[PDB]
Participant: 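The structure that follows is given in the form of structure tokens.
First listed ligand is number 1; within each ligand, the first listed atom is number 1. What's counted below: heavy atoms across the whole structure, side chains too, no hydrogens, waters or symmetry copies. If you read the sequence from its start, that first residue is 1, and numbering goes on from there.
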Amino acid sequence: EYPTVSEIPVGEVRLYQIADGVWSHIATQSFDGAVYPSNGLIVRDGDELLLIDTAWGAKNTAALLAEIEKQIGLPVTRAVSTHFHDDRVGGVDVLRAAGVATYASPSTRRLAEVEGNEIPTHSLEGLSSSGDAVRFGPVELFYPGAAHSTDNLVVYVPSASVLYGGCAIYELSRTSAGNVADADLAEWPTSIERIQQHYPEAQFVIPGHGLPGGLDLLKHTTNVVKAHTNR
Ligand SMILES: [Zn+2]
Ligand SMILES: [Zn+2]
């Protein structure tokens, strides 16, 4: 039922309905000869849509917009990128050209610039300190603290009890650390516990990469990160 790499041709995107007015988007990218899936989120905002994260590249992100307009048929008016990596900002230029207002925290925008990645236009205030939350249309944005990256945000949809962890949260099948080049291993379990404290009622938890689950994914991620810490 949830799509994997084997169900997604190169440069295509799939939409998966999680709950009423809430979808994930799933795309793939090839890295060093292996193929990785990646998730974002789409949340209905009345008669418009809010996008969370690009689909990891210009071509994928163009495909995403085409699939949204085919399947849902409401305008994507705003996009939020949850950290500075290319799976989150890669395609911001496509979105911007298409008339989508692109947003990220000032932390994310600065780190994207340093990496020479695409840079969302707008800055999101009110997310600079661990435990900070702001409402953005139909979602709450939450800065849990440094984890996968120092700027990583999580997104909650209160209407549907959907928690989107992005790349701060690992799927259950992931048994060893992923890309930790930009991580704060020391703080990552603390940051996960802020998430648990703030969204204990979450019914659906979506990782940045791989299969949705429940709140078990939070402790799962903590285990993996602590094991890596002790490598
Ligand atoms: Zn990342
Ligand atoms: Zn990622």
Participant: Let's go through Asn39 and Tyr2 carefully: what are the C-alpha distance in whole Å and the side-chain angles of both, what is the deciding distance for side chain to side chain donor-acceptor pair (under 3.5 Å) to 0.1 Å, and is it a yes or a no?
Facilitator: CA-CA 11 Å; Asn39 305 309; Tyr2 202 79; 2.7 Å; yes
Participant: Determine whether the side chains of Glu7 and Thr4 contain a donor N or O and an acceptor N or O closer than 3.5 Å.
Facilitator: yes
Participant: Check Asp87 and report its N/O/S atom nearest to the Zn ion (ligand 2), by atom name.
Facilitator: OD2
Participant: So, 2.8 Å as the limit: is an N/O/S atom of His209 located closer than that to the Zn ion (ligand 2)?
Facilitator: yes
Participant: I'd like to know: is the Zn ion (ligand 1) within the 2.8 Å range of an N/O/S atom from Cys167, strictly under that distance?
Facilitator: no
Participant: Can an N, O or S atom be found in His85 less than 2.8 Å away from the Zn ion (ligand 2)?
Facilitator: no
Participant: Check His148, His85, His83 against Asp182 for a side-chain hydrogen bond (donor to acceptor under 3.5 Å, both in side chains) and give me the one that passes.
Facilitator: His85
Participant: Using only heavy-atom distances, determine whether the side chains of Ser107 and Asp151 contain a donor-acceptor pair under 3.5 Å.
Facilitator: no
